[PDB]
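**Student:** Before I ask anything, let me first share the structure, which is written out below as structure tokens.
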Protein chains: 4
Amino acid sequence: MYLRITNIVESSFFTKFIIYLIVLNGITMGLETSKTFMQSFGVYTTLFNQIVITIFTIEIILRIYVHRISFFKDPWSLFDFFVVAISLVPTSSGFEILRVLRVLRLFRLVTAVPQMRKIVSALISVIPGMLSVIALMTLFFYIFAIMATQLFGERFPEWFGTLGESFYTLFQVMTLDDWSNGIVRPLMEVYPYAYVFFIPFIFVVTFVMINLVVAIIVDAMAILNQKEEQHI
Amino acid sequence: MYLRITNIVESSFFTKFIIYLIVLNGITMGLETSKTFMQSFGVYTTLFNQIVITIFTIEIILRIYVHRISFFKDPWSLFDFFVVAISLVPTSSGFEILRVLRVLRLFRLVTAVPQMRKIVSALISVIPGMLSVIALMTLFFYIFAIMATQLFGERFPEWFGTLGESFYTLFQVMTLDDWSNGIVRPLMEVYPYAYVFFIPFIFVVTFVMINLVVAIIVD
Amino acid sequence: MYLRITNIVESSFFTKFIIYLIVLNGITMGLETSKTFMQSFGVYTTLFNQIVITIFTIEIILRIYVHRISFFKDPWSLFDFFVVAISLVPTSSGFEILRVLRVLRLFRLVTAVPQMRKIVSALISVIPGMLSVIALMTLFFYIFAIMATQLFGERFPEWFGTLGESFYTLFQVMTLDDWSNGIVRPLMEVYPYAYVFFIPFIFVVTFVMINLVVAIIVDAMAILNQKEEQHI
Amino acid sequence: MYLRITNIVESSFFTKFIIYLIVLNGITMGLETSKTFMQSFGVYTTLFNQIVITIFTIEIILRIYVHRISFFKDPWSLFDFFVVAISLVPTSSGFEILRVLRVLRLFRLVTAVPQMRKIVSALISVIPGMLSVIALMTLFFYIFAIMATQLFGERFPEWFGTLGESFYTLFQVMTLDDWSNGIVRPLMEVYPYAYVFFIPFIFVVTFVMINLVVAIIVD
Ligand SMILES: COc1ccc([C@@H]2Sc3ccccc3N(CCN(C)C)C(=O)[C@H]2OC(C)=O)cc1
Ligand SMILES: CCOC(=O)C1=C(COCCN)NC(C)=C(C(=O)OC)[C@@H]1c1ccccc1Cl
Ligand SMILES: O=P(O)(O)OC[C@H](O)CO
Ligand SMILES: O=P(O)(O)OC[C@H](O)CO
Ligand SMILES: O=P(O)(O)OC[C@H](O)CO
Ligand SMILES: O=P(O)(O)OC[C@H](O)CO
Ligand SMILES: O=P(O)(O)OC[C@H](O)CO
Ligand SMILES: [Ca+2]
Ligand SMILES: [Ca+2]
Ligand SMILES: [Ca+2]
């Protein structure tokens with residue numbers, strides 16, 4: 001009840017099988033798209049999209065029995081749990097979404113192939129130092145988004161009407177996307193002093209983002225210099 | 001036994017009361033945004049904002065005397081002073097733009113929590129060693145911002161008519177926000193040779209603004 | 001004649017004569033443009049094409065006789081071979097295909113000046129350090145390009161709704177090239193929550209590059225750091 | 001006489017006096033950029049601009065004696081030399097692109113202050129390290145321009161009609177500025193694979209620059 005079973009899941013090619021599947025469903029989806037394919041090999045992809053979805057469901061619950069408590073202390077598996085089950089809901093005969101969220105099972109190659117789980121994590125190994133800056137921002141935008149809704153708002157509702165709309169347009173200014181001619185000019189042509197709001201908003205906004213690439217090498221590589229190198 | 005006040009202003013508890021009042025009034029403004037809200041429930045919100053503003057002109061006048069060797073020489077609280085100052089309807093023979101300025105308060109969630117006060121010291125950490133090459137380029141702006149008006153002001157007033165008008169453009173060109181067909185493909189019509197002014201200038205601003213990035217990291 | 005062809009080749013004169021016979025094909029190529037030149041005296045350069053081209057495709061024999069097996073194994077060598085062979089094409093008649101690609105022959109300068117290849121290499125060296133985050137990116141993109149045809153390519157045929165046309169548009173969205181007004185405000189009107197596919201897809205695709213160049217700086221500065229620590 | 005007034009030049013007194021003037025003249029140059037001030041009042045200080053250059057052009061005669069063959073072998077000193085010559089332009093020339101060069105005399109603010117001086121030296125400190133790579137692409141940019149006139153400029157002459165046209169468009173592409181929607185997608189409505197020349201060009205140009213800025217701690 002364990003042993004015959006423990007050995008199977010852990011195999012060499014069963015991974016290379018559910019990796020051989022992950023890599024397969026992903027190619028029908030690329031054909032599922034162009035309905036020139038789908039009207040010449042429809043039921044194929046459709047029902048291959050149901051037969052594939054089950055090996056992933058035994059695979060998950062097999063892994064669940066083998067590991068038990070530790071399966072549910074693995075984000076890679078919880079995310080596996082997350083992803084694979086999101087497809088378990090009957091997305092067919094339903095809302096657009098979960099049909100198009102079921103494709104998040106190609107996030108599973110990431111889960112599936114090893115070294116893709118270090119560099120993914122070498123990237124998730126960055127947010128702890130940044131959750132300090134990340135929150136300064138979120139308030140800098142709560143406070144300047146509002147000052148926006150008020151001054152513009154009626155005149156320019158599509159952009160800065162309701163606060164979220166100020167959020168959407170603040171973000172857009174930030175990446176500096178067509179902001180020059182698109183959003184500030186058109187404002188400056190009825191409220192001409194609106195450049196007092198946005199120019200030095202832009203300064204705060206790229207100074208900050210630059211000053212966290214001066215610090216991701218000084219503040220994230222300061223914890224990598226205190227406990228790992230002095231080991232000598 | 002005198003001066004018993006200075007033993008409540010300083011603690012670890014006063015912060016979640018001011019801080020957590022900041023956070024409240026640092027939300028009430030947000031719900032003002034829903035147009036509907038401030039119809040059904042405006043009544044509680046008009047006063048809510050006022051209750052803190054005196055409580056804050058309390059807190060601050062009650063922070064005024066406890067700290068004095070370094071209070072006015074504390075820009076955080078001077079920033080807490082002037083921010084709170086504007087909130088009480090100044091009377092200076094002036095007109096109504098200030099109503100929007102008060103929300104600047106809810107920056108007080110950074111003013112009086114150290115995690116959001118560690119980081120704002122790491123912002124102005126190396127604002128010197130930078131501020132010269134701010135002040136250089138601010139000449140390089142200014143100068144090109146001269147020829148610019150002095151070279152394309154008769155045929156292009158909207159973009160570069162005056163000194164100021166020329167500036168607001170070069171900053172875009174710098175942030176590069178549709179510079180080519182937004183601004184230079186056109187001038188190139190009345191004036192065919194206007195590329196030299198920007199292909200160069202585009203480098204200089206960005207070459208500067210880039211070296212500024214690598215010349216700070218080692219520090 | 002093996003020792004006597006090895007004297008013509010790899011001699012101080014081969015510089016005096018190949019690097020020169022290149023640069024004056026890249027002066028003369030700046031003149032097969034602005035066609036007033038072609039009508040007038042263009043047959044000089046239509047066949048100056050051919051001097052340069054047989055001057056080179058003799059070298060394509062000279063080098064292969066001399067460095068008989070040490071050529072096909074040189075990185076910086078198979079290019080010129082390819083760059084000449086691929087230029088070794090019919091001068092005019094046909095559909096017209098690799099008539100344009102000839103101008104790669106100007107690349108030969110990189111391959112016959114050592115100052116070039118070091119810089120090429122100080123650039124290409126950083127590749128493989130990433131060549132698996134490169135496909136971290138293709139995997140992520142693939143999931144997303146699909147999630148576009150099955151999302152917006154009902155009403156926006158130009159920007160999505162196909163496996164092909166969606167990869168692009170997202171690419172323009174990555175560089176943030178007229179992204180918001182230009183492409184996302186439109187989709188949002190048809191579907192407001194389109195942001196819930198791009199406000200994220202941004203913060204991610206940007207993120208990864210920020211931590212896959214921050215790699216590129218630390219990758220070159222963690223090698224400097226090791227030979228200057230065991231002895232100084 | 002030829003050794004005497006070295007005492008007036010090599011002095012703490014000399015530099016600031018000119019600096020003071022070129023801050024006046026720099027206040028009153030940015031002021032010469034004016035629709036009203038030039039007309040209303042500038043005709044009465046259009047003399048300032050010419051009695052400044054007189055004092056200027058006298059400065060650049062004895063400095064020349066102080067360093068006999070060493071004036072024109074100093075970087076910053078050759079600069080303001082040629083810079084004043086352009087500024088010496090007769091109140092009526094041929095093509096008054098030179099009356100608008102006049103502002104380049106305000107660049108004497110960088111070559112006369114040793115802070116502003118050697119930061120330029122710190123700037124051009126990375127350029128002869130970079131020369132190693134700039135050329136590598138003014139050959140990348142130059143050939144990707146060649147290949148656009150024989151694909152694209154008989155259906156997009158405005159953009160890739162000639163070399164030049166392709167230089168500008170290409171430079172534009174690399175500033176990533178409105179390139180898909182603005183220039184690239186339109187191309188796909190006649191020649192469909194325009195993107196397969198355009199995307200990796202993006203990557204190849206995009207590759208180098210980032211790799212430049214990394215190993216710029218070395219050059
Ligand atoms: C693979 O193709 C790509 C992918 C990403 C880029 C980014 S786009 C970007 C996104 C966010 C912040 C800045 C940028 N910029 C802005 C500067 N540009 C306007 C000159 C970039 O150039 C690219 O990243 C870098 C440091 O060069 C370029 C090509
Ligand atoms: C269900 C409504 O929530 C949203 O769509 C938004 C969220 C709630 O979801 C958060 C998802 N990031 N956070 C912010 C910050 C958003 C914003 O304004 O720009 C992203 C929006 C929003 C608010 C009002 C109008 C439009 C929109 Cl999109
Ligand atoms: O074949 P197309 O041209 O419809 O492009 C998308 C397809 O799904 C590719 O398999
Ligand atoms: O920006 P200017 O050139 O319009 O100068 C503003 C002054 O107040 C006018 O004298
Ligand atoms: O030369 P002009 O007389 O056309 O004046 C404008 C400049 O030359 C181009 O910026
Ligand atoms: O089909 P909808 O109405 O769920 O819209 C799609 C979402 O807004 C994201 O594209
Ligand atoms: O699509 P074609 O074959 O007509 O050639 C034109 C361009 O080179 C495509 O990029
Ligand atoms: Ca744009
Ligand atoms: Ca843009
Ligand atoms: Ca841009």
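Residue numbering restarts at 1 for every chain of the structure tokens, chains are lettered A, B, ... in their displayed order, and ligands are numbered from 1 as they appear.
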Excluding stretch 109-121 of chain C and its own-chain neighbours fewer than 3 positions away, which residues fall within 6 Å of it when counting only C-alpha atoms? Please give them as a ChimeraX atom specification.

**Tutor:** /C:76,124-125

**Student:** Atoms to include: N, CA, C and O atoms. Write the selected residues as a PDB file, in the first residue's frame.

**Tutor:**
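This went into result.pdb:
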```pdb
ATOM      1  N   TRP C  76      34.646  31.512 -35.846  1.00  0.00           N
ATOM      2  CA  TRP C  76      34.745  32.713 -36.654  1.00  0.00           C
ATOM      3  C   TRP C  76      35.047  32.499 -38.108  1.00  0.00           C
ATOM      4  O   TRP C  76      35.348  33.449 -38.815  1.00  0.00           O
ATOM      5  N   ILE C 124      28.547  37.571 -26.790  1.00  0.00           N
ATOM      6  CA  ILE C 124      27.970  36.238 -26.908  1.00  0.00           C
ATOM      7  C   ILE C 124      28.298  35.321 -25.717  1.00  0.00           C
ATOM      8  O   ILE C 124      27.605  34.371 -25.460  1.00  0.00           O
ATOM      9  N   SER C 125      29.385  35.625 -24.980  1.00  0.00           N
ATOM     10  CA  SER C 125      29.761  34.764 -23.873  1.00  0.00           C
ATOM     11  C   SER C 125      28.644  34.653 -22.828  1.00  0.00           C
ATOM     12  O   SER C 125      28.496  33.611 -22.154  1.00  0.00           O
TER      13      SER C 125
END
```

**Student:** Could you give the RMSD, in Å, left over when chain A is least-squares superposed onto chain C across all Cα atoms paired sequentially?

**Tutor:**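 Per the least-squares fit, the RMSD is 1.6 Å.
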
**Student:** Pick out the residues no farther than 9 Å from ligand 7, counting only C-alpha atoms and all ligand atoms, and list them as a count of residues only.

**Tutor:** 20

**Student:** Using only C-alpha atoms, find which residues of chain C lie within 8 Å of chain A and jot them down as a ChimeraX atom specification.

**Tutor:** /C:132-133,136,139-140,143,146-147,149-151,161-163,176-181,208,211,214,218

**Student:** Can you check the Cα RMSD once chain D has been least-squares fitted onto chain B over every paired atom, in order?

**Tutor:**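 C-alpha RMSD, chain D fitted to chain B: 1.9 Å.
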
**Student:** What are the residues of chain B that have an atom within 8 Å of an atom of chain D, counting only C-alpha atoms, as a PyMOL selection string?

**Tutor:** chain B and resi 136+142-143+146-147+149-151+162-163+176-180+208+211+214

**Student:** Select, from D:144, D:2, D:95, D:76, the residue with the minimum atom-to-atom distance to residue D:108, counting only C-alpha atoms.

**Tutor:** D:76

**Student:** Would you mind writing down, as a VMD selection string, each residue of stretch 3-131 of chain B that DSSP on the backbone assigns to alpha helix (DSSP H)?

**Tutor:** chain B and resid 14 to 32 37 to 40 42 to 64 75 to 87 108 to 111 115 to 123 131

**Student:** Can you work out the spacing between atom CA of residue D:23 and atom CA of residue D:56 in Å, to one decimal?

**Tutor:**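 Here the two named atoms are 13.4 Å from each other.
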
**Student:** Residues contacting ligand 2 - anything with an atom at most 7 Å away, using only C-alpha atoms and all ligand atoms - can you give me those as JSON, numbers by chain?

**Tutor:** {"A": [162, 163, 164, 165, 166, 167, 168], "C": [193, 195, 196, 199]}
